[PDB]
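What you see below is based on every heavy atom in this structure, not just the backbone, and it leaves out hydrogens, waters and symmetry mates. Below, chains carry the letters A, B, ... as their sequence lines are ordered, and counting in each starts from 1.
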Amino acid sequence: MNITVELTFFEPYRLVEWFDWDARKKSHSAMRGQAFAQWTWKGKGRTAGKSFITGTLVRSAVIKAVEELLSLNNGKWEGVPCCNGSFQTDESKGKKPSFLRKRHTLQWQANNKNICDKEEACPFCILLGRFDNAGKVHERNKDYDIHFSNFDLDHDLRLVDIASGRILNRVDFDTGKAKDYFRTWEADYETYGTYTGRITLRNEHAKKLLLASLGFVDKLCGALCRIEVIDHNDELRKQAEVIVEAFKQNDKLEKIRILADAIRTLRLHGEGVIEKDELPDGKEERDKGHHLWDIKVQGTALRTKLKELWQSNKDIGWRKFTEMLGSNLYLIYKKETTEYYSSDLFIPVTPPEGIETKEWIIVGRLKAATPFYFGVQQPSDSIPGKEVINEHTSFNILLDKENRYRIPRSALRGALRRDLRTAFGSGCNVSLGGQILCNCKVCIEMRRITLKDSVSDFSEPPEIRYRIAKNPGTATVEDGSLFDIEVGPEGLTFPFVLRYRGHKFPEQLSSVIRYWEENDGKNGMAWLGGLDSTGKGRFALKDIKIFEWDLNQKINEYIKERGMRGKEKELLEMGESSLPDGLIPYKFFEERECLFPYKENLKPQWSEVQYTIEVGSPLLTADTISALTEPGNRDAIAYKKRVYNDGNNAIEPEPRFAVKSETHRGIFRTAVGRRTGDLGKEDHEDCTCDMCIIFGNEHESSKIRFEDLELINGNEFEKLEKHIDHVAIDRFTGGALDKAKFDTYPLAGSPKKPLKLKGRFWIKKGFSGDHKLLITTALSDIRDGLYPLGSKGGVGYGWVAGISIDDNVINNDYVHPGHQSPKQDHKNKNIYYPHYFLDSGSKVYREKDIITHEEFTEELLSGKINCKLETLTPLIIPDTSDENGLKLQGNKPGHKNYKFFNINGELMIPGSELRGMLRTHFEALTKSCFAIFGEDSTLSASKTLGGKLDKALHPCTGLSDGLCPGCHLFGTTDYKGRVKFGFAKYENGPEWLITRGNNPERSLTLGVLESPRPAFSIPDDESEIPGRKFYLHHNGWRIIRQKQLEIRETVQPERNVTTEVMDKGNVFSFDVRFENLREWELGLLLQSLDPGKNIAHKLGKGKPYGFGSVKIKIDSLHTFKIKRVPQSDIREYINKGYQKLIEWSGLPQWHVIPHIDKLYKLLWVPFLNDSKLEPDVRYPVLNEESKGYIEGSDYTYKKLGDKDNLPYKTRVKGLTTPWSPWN
RNA sequence: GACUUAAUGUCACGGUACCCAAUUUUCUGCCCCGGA
RNA sequence: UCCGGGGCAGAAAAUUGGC
Ligand SMILES: [Mg+2]
Ligand SMILES: [Zn+2]
Ligand SMILES: [Zn+2]
Ligand SMILES: [Zn+2]
Ligand SMILES: [Zn+2]
């Protein structure tokens, strides 16, 4: 009679706003959602209401379930036969029903004795309500032979509490892009999944068929179901506004976005990073502390303010607090700066006689083989019922209300339909609102396939994948192109459920299941979700146990267990003997190699190209946001990803370092782009270029999918990350800039101990032979070192030594005369200043025709220079990773002692010093701008140092005014440098300068190194900037070596340093990779490397002390278009670089140019080859009472600084004339 | 009860939020004259 | 009339556009 039944959902069911049938046609969302749960509004304001399922929808699910139940038993149920029913109402007889059937109606052979009427009817006709007083117009409730009441939600209620408006999608198969999209309210089944309704039934004759069909209704409102018969955001925004205003007080509004990113990544670290003060604390003796976390907000530091914020907001979660405060810091930073929905016929379908219809349930685990991404709209746009940009995360991952990662049913079905279309070899694009069912072979099996929404048992916050678009022309970031993606970890496991209701299990669906399988030999190939081309969402199907119900003989056991709907998790973990009755294992599951549609359609669909990248350089794919939130306290640390482990059911405690798949993708896309010229196209709208076919565009998906490059070598490194300090040296003052000092934390890669980066990509079936050749050429381009991975590639980072592909796929003969003063004074009595200034002039040529990076120009020169660096003096390149490298700070506290620079033991010179000293030589040689200049530094006074410097010598800001030749070759902030200086590895020579008195014999305690003082170079306000400071080549290191005892006892230990020093005669080899260089530019760069026989370079510490005279000798110039450039063409390159400087001024003899003659005598080596000259070069002491003063000489700053003895004009021309006598 | 259904007919599990985009560009861990 | 002294320790740019 009154059968009160209960409807519980086991996945997120779809909800829609209720409209009456006259008003339902006005809204396309409700017309599309006629088969959903309905939502009316209660009260006013459209904020509260109540969800329900219409009884017509429950009747439609039941009547569909009766038809399938009667088709299994040939129109019978428990003995009593049933007729075919009726599913046709005439329009002339009466009004049509509110829902018209479009599907095929399951029919049988009518074994009923008499016809069905009002006097006596079959149980099919009773449950249809064919012959009762109730009809198309409802008047009263007891006219119904069977009544279905509305199913109210068994829980006023707000719509945001129950449902979340999610934009779903329709992806085109051929292009891989969404044709259109539509929005549904996927309501939460864990709190609001239970629905209670009433089913009245006057006739007892259809009682057994009704309750069994209640147990046979598998899905309703988009969700699997069993039917059983019974404000801190405001205060966070205010405090974020306080923090933004406080940052605006120190003129640091640009750091608020950095802080908003850094707060949003603190949800991964837990509350202990703020509670236990695990944020980095700045330098060891820095009064300013950290540059971000110690910014004074209302008089106290930002770390203490975040402590107070977390104590004030401890009632919410740490994840929610870091998400909203990171969002609110982002939102206030913004104030201070194809939607598509949707002739009736009756289709009688009778199954063949004696056929066997089975229910194949596939329970498995969707393991994320790659980091994954499932797309969702922004939470501001995800609000249901509410159908300046405000996106802190550009792409959020789809989560629950419990923040667990979600594979939707829709995205699993869409990837299954795509893979079944591939497996069948044909298919349809899914037409919407069609009156006729699609007869395509995919849609037939899609109608038989039922899946489940899977959620991981994991609710940790998503990792953030920052992506940029590189500007093709400048090889810097594109203006505007920076965005972030919430991704899930690899190894994450999702409960996979597939249900097939059909006669035979199709050979194409079992092909897709075996395609998705990880198994042993193959890879798991379930591409689910979005950004697949950047390897987001390649899932593996593991722990597969396909079971099968028998629905023709054991259909009561299917109804009794309700198809194990919602109990599929228990189905995956029980044994074989613990299975319910009627559920047998499917032992006839076809194997991988015995499948006809798998072998020719799915297996060759994406071809794996796995390979290992040999990185013989320190690899830095920078994660600056993670650098701010980690206690290592570096400005740039290498990228690492959190990887979930299914064995430990948690993230692995050591994050795997990786070059990002997006970086892996964009290097290949650049490499094809500059080889084809497709990177230089202005727009790629409706483009069928070679790079747009391969890598996709705004319209087509990519035919290549790139995975992350796993560091598979990290266990073999004792110290896997190297600390490399970096600094920018002012061109006028030989020391550091006023703000430009920093450090990187790359993976410690070296030529003898390289980093192995195992990464793979996938190649689409149908790839052209030219397109296959372009990828291998791009693969060979990375193997040939043309594209360094990560940041600082021009400084020597991420240089690729080679690529291993897996099996399953010269002298410069110029002699400068030098200076006459050391040649005339052969007794070494004459005393010279350690540095002199190069006053080249105020004429800087700026090329507005900026050389593009978008292609390898055929007339321009690209290649590699192998250079041997020979130390002419003892050379100091300190390993400033350890301030106690020589292990002597116990005896001398505060005495900073460094080893020589080394990565994984072997002695290295970083290419930053090789680039920076060559840049300082190239900018001096080419009359360039002062690219690193202390403009903000004052004098002791009318103007700053930037006022004293000429406007042409000022550093190049932007590309609009042109670039100076040093800034054109070596780059600006708006332009990647076209030269790349590798790290110099050690080969041969006497390794260490051995001193008997020092506690390490290889070491040397030096004199003190104080900051360069512009007041000596600029004595008054009437004097300009003297020019580029260059240090002389002298053997004043021999003085320091012989007073090692005296230096250590009359100089305070924390004032000077002790360093491991090479001896004279050591050979280093660095590669200078160059791209798109001129005929004259390479020759000037070759001249900048090897300027002459007696000309060298000053490198590393102790340049005023005579250390670091390095002789760079070119071994081999190799250029590609790969060939070896002969000596005749190398000299011919250098000749056209000479008349380029001649045309700027208005056997190359470089001494006839006045600024190159002064520069080359500044870099002239008087003690080179067979020469008895040993010029004495040292700075004056202050007074006669200062230590290190030779008695009887006037070499003091009291007399040289006195205007009466040495006038101010004479001191500048004594400083701007190299090798001038100072004593 | 109503909110909130229509009953001889709901393929909406009929629709992958998908497609593009290299956290990168520049920068020598360097260094001498004063301070009240 | 006095006999020393460390500095910088990141700066700038993009923080989303198109379909
Ligand atoms: Mg009726
Ligand atoms: Zn009947
Ligand atoms: Zn179809
Ligand atoms: Zn294109
Ligand atoms: Zn410049």
Side-chain angles (χ1 to χ4, degrees), chain A residues 18 32 34-35 38 40 42 50 52 54-57 59-60 85-89 97-103 128-130 134-136 138 144 150 167-171 176-178 181-182 219 222 257 283 286 291 375-377 394 409-411 413-415 430 432 437 447 449-451 466-470 476-477 479-483 528-530 622 624 635 662-663 666-667 670 696-699 701 725-729 734-742 791 878 880 912-913 915-917 920 932 971-977 1009-1013 1016 1055 1101 1104 1179 1182 1197:
Chain A
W18 161 256
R32 169 60 178 79
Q34 281 183 122
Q38 307 299 301
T40 81
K42 262 284 210 53
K50 39 201 325 183
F52 76 104
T54 63
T56 323
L57 183 55
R59 176 175 172 277
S60 173
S86 196
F87 305 95
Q88 284 131 295
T89 87
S98 41
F99 307 100
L100 286 322
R101 190 182 274 179
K102 303 186 226 151
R103 69 162 171 86
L128 276 166
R130 266 190 76 196
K136 255 64 94 166
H138 170 72
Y144 291 80
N150 271 356
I167 293 170
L168 274 42
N169 213 359
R170 194 165 61 116
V171 172
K177 188 180 169 83
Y181 61 97
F182 79 117
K219 52 199 156 261
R257 193 55 174 84
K283 292 299 160 330
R286 196 145 138 91
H291 69 106
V376 81
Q377 68 275 316
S394 297
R409 185 257 302 151
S410 74
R413 177 156 182 103
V430 206
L432 303 174
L437 254 53
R447 245 165 268 126
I449 275 164
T450 291
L451 299 131
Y466 294 105
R467 305 184 63 185
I468 46 141
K470 287 256 219 150
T476 75
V477 289
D479 198 16
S481 302
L482 168 55
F483 67 104
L528 329 172
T624 38
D635 284 316
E662 306 98 337
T663 311
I667 282 161
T670 310
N697 45 8
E698 29 176 309
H699 304 329
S701 188
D725 280 280
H726 290 284
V727 80
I729 295 313
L737 209 55
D738 200 50
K739 272 152 226 213
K741 164 63 208 316
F742 63 108
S791 54
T880 52
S912 37
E913 321 218 31
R915 175 186 197 84
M917 155 200 90
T920 315
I932 301 293
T972 71
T973 50
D974 318 59
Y975 191 55
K976 166 136 111 183
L1009 294 140
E1010 273 297 319
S1011 277
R1013 326 265 317 251
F1016 198 69
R1055 179 153 334 300
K1101 213 192 278 273
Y1179 285 115
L1182 277 173
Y1197 275 111

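If you take atom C1' in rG35(B) and the same atom in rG5(C), they sit 8 Å apart, rounded to whole Å. Rounded to whole Å, the P atom of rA7(B) lies 16 Å from the corresponding atom of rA12(B). With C1' as the reference atom, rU4(B) and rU8(B) are 23 Å apart, rounded to whole Å. Rounded to whole Å, the separation between the P atoms of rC30(B) and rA13(C) comes to 28 Å. To the nearest whole angstrom, the two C1' atoms, one in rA14(C) and one in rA22(B), are 14 Å apart. Across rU24(B) and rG18(C), the matching P atoms stand 25 Å from one another, rounded to whole Å. Spacing of P atoms, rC33(B) relative to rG10(C), comes out at 26 Å, to the nearest Å.
Side-chain atoms of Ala469(A) lie closest to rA21(B) of the nucleotides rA9(C), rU10(B), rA21(B). You'll find that the side chain of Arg409(A) is closest to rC13(B), out of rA21(B), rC11(B), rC13(B). Each of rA7(B), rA6(B), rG9(B) was ranked by its minimum atom distance to the side chain of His138(A); first place goes to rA6(B). Comparing atom distances between the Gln34(A) side chain and each of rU28(B), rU10(B), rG10(C) picks out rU10(B) as nearest. Which of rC11(B), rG10(C), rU8(B) sits closest to the side chain of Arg130(A) comes down to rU8(B). Of the candidates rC13(B), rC3(B), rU5(B), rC3(B) carries the atom nearest the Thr40(A) side chain, counting heavy atoms from C-beta on. Taking the side chain of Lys470(A) as heavy atoms from C-beta on, and the options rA9(C), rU23(B), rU25(B), the nearest nucleotide is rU25(B). When each of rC18(B), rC13(B), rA6(B) is scored by its nearest atom to the side-chain atoms of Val171(A), the top-ranked nucleotide is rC18(B).
For the pair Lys102(A) and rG9(B), the criterion of a side-chain N or O lying under 4.0 Å from OP1 or OP2 is not met.
In this structure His699(A) satisfies the side chain to side chain donor-acceptor pair (under 3.5 Å) test together with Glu685(A), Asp686(A), sequence neighbours excluded. Shown here are the ring-ring contact (aromatic ring centres under 6.0 Å, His included) partners of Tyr144(A), two or more places apart in sequence or in another chain: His138(A), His147(A). Shown here are the ring-ring contact (aromatic ring centres under 6.0 Å, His included) partners of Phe742(A), two or more places apart in sequence or in another chain: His726(A). Residues forming a side chain to side chain donor-acceptor pair (under 3.5 Å) with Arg1013(A) (at least two apart in sequence, or on another chain): none. Contacts of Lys102(A) classified as side chain to side chain donor-acceptor pair (under 3.5 Å), with partners at least two apart in sequence or in another chain: none. Among residues two or more places apart in sequence or in another chain, the side chain to side chain contact (heavy atoms under 4.5 Å, CB included) test is passed with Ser60(A) by none. Evaluation of the side chain to side chain donor-acceptor pair (under 3.5 Å) rule for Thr476(A) yields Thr474(A) as partners, not counting sequence neighbours.
The number of heavy-atom neighbours closer than 6.0 Å to NZ of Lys136(A), taken from other residues, nucleotides and ligands shown, is above 12.
Stacking between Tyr181(A) and the base of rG15(B) is absent under the criterion of ring centres within 5.5 Å and planes under 30 degrees. Taking the 5.5 Å centre cut-off and the 30° plane limit, the aromatic side chain of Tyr466(A) is not classed as stacked on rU23(B).
Atom CD1 of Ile167(A) and atom CZ of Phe182(A) lie 11.0 Å apart (nearest 0.5 Å).
Residue contacts for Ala134(A): at a heavy-atom cut-off of 4.0 Å it reaches the sugar-phosphate backbone alone, with no base atom in range. Contacts of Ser701(A) with the nucleic acid, taken as non-hydrogen atoms under 4.0 Å apart, involve only primed sugar atoms and P, OP1 or OP2. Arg170(A) comes within 4.0 angstrom of a nucleotide base, judged by non-hydrogen atoms across all strands. Among the protein residues, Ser98(A) comes within range of the sugar-phosphate backbone only, with heavy atoms under 4.0 Å from sugar or phosphate atoms but none that close to a base. Among the heavy atoms of the strands lying under 4.0 Å from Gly55(A) is at least one base atom, whether or not backbone atoms are also near. Nucleic acid contact class of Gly666(A) (heavy atoms, under 4.0 Å, all strands): base. Contact annotation for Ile932(A): backbone-only contact, meaning every heavy-atom pair under 4.0 Å involves sugar-phosphate atoms and none involves a base.
The distance from atom CG of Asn150(A) to atom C1' of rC3(B) is 10 Å, rounded to the nearest whole Å. For the pair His291(A) NE2 and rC8(C) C1', the computed distance is 14 Å after rounding to whole Å. As rounded to whole Å, 5 Å separates atom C1' of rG15(B) from atom CG of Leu432(A). Summarising the geometry, the separation between CG on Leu128(A) and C1' on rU8(B) is reported as 6 Å, rounded to the nearest angstrom. Here the P atom of nucleotide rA22(B) and the CZ atom of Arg467(A) are 7 Å apart, to the nearest Å. Between the CZ atom of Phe87(A) and the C1' atom of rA7(B) there is a distance of 12 Å, rounded to whole Å. We find that CZ of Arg101(A) is positioned 4 Å from P of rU10(B), with the value rounded to whole Å. Whole-Å rounding puts the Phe182(A) CZ to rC18(B) P distance at 14 Å.
In terms of position along RNA chain B, the nucleotide closest to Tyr144(A) lies nearer the 5' end than the nucleotide closest to the other residue of the pair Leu57(A) and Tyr144(A). Mapped onto RNA chain B by nearest heavy atom, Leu437(A) and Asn169(A) fall at different nucleotides, with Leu437(A) at the one closer to the 5' end.
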Item checked: B/S/- contact track for nucleotides 13-19 of chain C, protein heavy atom under 4.0 Å -> -BBB-BB
Checklist line | Heavy-atom protein contacts under 4.0 Å, nucleotides 29-36 of chain B, coded B base, S sugar-phosphate only, - none | finding: BBBBBBS-
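For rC13(B), the base has a donor-acceptor partner in the side chain of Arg413(A) [N/O atoms by modelled type, under 3.5 angstrom]. If you check distances only, the side chain of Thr920(A) does reach the base of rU28(B) with a donor-acceptor pair under 3.5 Å. For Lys50(A) against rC3(B), a side-chain-to-base donor-acceptor contact under 3.5 Å is present. Judged by distance alone with a 3.5 Å cut-off, a donor-acceptor contact links the side chain of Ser86(A) to the base of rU8(B).
Nucleotide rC19(C) is matched to nothing when pairs are restricted to Watson-Crick or G-U wobble geometry with both distances under 3.5 angstrom. Using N1 to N3 plus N6-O4 or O6-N4 for Watson-Crick, or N1-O2 and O6-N3 for G-U wobble, each under 3.5 Å, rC27(B) pairs with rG10(C). With a cut-off of 3.5 Å on both Watson-Crick or G-U wobble distances, the partner of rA12(B) is given as none. Of the nucleotides present, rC32(B) is the one that pairs with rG5(C) by Watson-Crick or G-U wobble criteria, both distances under 3.5 Å. With both pairing distances under 3.5 Å, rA6(B) is matched to nothing as a Watson-Crick or G-U wobble pair.
For the 3.5 Å distance criterion, the side chains of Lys470(A) and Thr670(A) fail to qualify, holding no donor opposite an acceptor.
A donor-acceptor pair is defined here as one N or O able to donate and one able to accept, closer than 3.5 Å; no such pair exists between the side chain of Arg286(A) and the backbone of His291(A).
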